[PDB]
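J.: just coords:
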DNA sequence: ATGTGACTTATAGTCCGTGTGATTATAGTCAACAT
DNA sequence: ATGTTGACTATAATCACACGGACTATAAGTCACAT
């Protein structure tokens, strides 16, 4: 569907595994539904900047380093 | 409101201006509503990635250039 | 399958709803997985007395009270 | 160990005796292993409902009578 | 008769994830009128 | 030109649940040898 979305959803998962988190921890720490974290990674889903922020806080990661990894993923072949 | 959401909006407005675009024209170029655009720039909207993407295409700016800018703006 | 199991299964759910609990709450307080609580209610799984005991403690109900409702459900038409 | 588990077992042993059965015979009647039964009666086993059901069949006691008894036993 | 121990094998119970209908909050989109 | 106020309607986001596969702990079932 959307170019950027699958990149965002890819990076959320990448970080989540890097930090040895599971989906449902992240769902807690991000103060969003269990199934939403799944749905974001699983398919992609069209999240909101506010929701993205919540997830970033949950990944225990800064806006900045998130976007830095986002850029790197976009740039790949 | 949100810090990120504010910086996003600021960035959208910044790029629109360094390109000498009007809102009217930013909305024409991305096929969204001008009041919608207005709203974002006065930070009254919490856009989705999809929408953000349409706005980048309307600004004629790559995802990467946008985020490069968004990062810099984020750091005061 | 087993006669007693689906009865035990039924009564666990009945109580759980009577107390306005959700599976999530229950598996919570029973310190079992929410998958297992679901599994039990769903497909009448074959639990252990120890696990049943945990569920009773989770339902905030006593041995006695449970077995009294168990007897009732068995007796029904 | 568990409180319930001990009284299940106690009950199983109680009924086997009130009937005049040996373990050997409770095992035969319920098509289970004798050491299996001995284990339960010394309370070294944590039955599943299914197993309990087989032991009730062997004792020839309905679920209801078993639980009526277990309750009474439970209340000291 | 019953009670051990110790040793496989079935399965109970765990852990992480997928996929889904139904409801609620809210973004997406477009009016009217402002300046 | 841009701002703001309601609106309607799509959909983001929530909530309670089912379902699967893979792995770990342990109950199920059977030996040998006590007594």
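T.: Now that the structure is in, tell me what you want to look at. Numbers count the residues shown, from 1 in each chain, chains lettered A, B, ... in the order given.

J.: now check stretch A:63-74, is it near chain B?
T.: Yes. Stretch A:63-74 comes into contact with chain B (CB under 8 Å from any CB of the partner chain), by way of A:63, A:64, A:67, A:68, A:70, A:71, A:74. Yep, even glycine has a C-beta here, placed from its N, CA and C like the rest.

J.: Just the buried ones from these?
T.: Among the residues of stretch A:63-74 next to chain B, those buried by neighbour count (16 or more other CB atoms under 10 Å in any protein chain shown) are A:63, A:67, A:70, A:71, A:74.

J.: What segments of chain A are helices?
T.: Ranges of helices within chain A are A:3-18, A:23-29, A:34-42, A:49-58, A:63-74, based on DSSP state H.

J.: List the neighbours of the fourth one that are in contact with it.
T.: If I follow you right, that is helix A:49-58. Among residues not part of helix A:49-58, those counted as contacts by CB atoms under 8 Å, 6 or more residues apart in numbering or on different chains are A:8, A:12, A:26, A:28-32, A:36-37, A:40, A:47, A:62-63, A:66, B:2-5, B:8, B:46-49, B:52.

J.: contacts with DNA strand E among those, please.
T.: B:46, B:47, B:48 (CB under 7 Å from any atom of the strand).

J.: if I look at the last one, how far off is chain D?
T.: Okay, so that is residue B:48. Counting by CB to the nearest CB, to the nearest Å, the gap from residue B:48 to chain D is 50 Å.

J.: Write down the beta-bridge partners of that residue, one by one.
T.: residue A:48 (DSSP bridges).

J.: can you tell me if stretch A:26-34 touches DNA strand F.
T.: Yes. Using CB under 7 Å from any atom of the strand, stretch A:26-34 reaches DNA strand F at A:31, A:32, A:33, A:34.

J.: Buried ones in that stretch, by neighbour count?
T.: A:26, A:27, A:29, A:30, A:32.

J.: who's in contact with the second one?
T.: Which is residue A:27. Neighbour list for residue A:27: A:33, A:34, A:35, A:36, A:37 [criterion: CB under 8 Å, 6+ apart].

J.: ok, the residue nearest the centre of chain A - contacts?
T.: Residue closest to the mean C-alpha point of chain A, counted by CA atoms, centre = their mean, is residue A:12 at 2.4 Å. Residue A:12 sits next to A:40, A:41, A:55, A:59 when contact means CB under 8 Å, 6+ apart.

J.: For ChimeraX, write a command that selects the buried ones of these.
T.: Buried residues among the contacts of residue A:12 (16+ other CB under 10 Å), as a ChimeraX selection:
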select /A:40,41,55,59
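
J.: List just the nearest of the contacts of residue A:12 to chain C.
T.: Nearest to chain C, judged by CB to the nearest CB, of the contacts of residue A:12 is residue A:41 at 19.2 Å.

J.: I figured the closest one hits residue A:13, correct?
T.: Yes. Between residue A:41 and residue A:13 there is a contact under CB atoms under 8 Å: 4.6 Å.

J.: So which bits of stretch A:41-48 are buried?
T.: Buried residues in stretch A:41-48 (16+ other CB under 10 Å): A:41, A:44, A:45, A:46, A:47, A:48.
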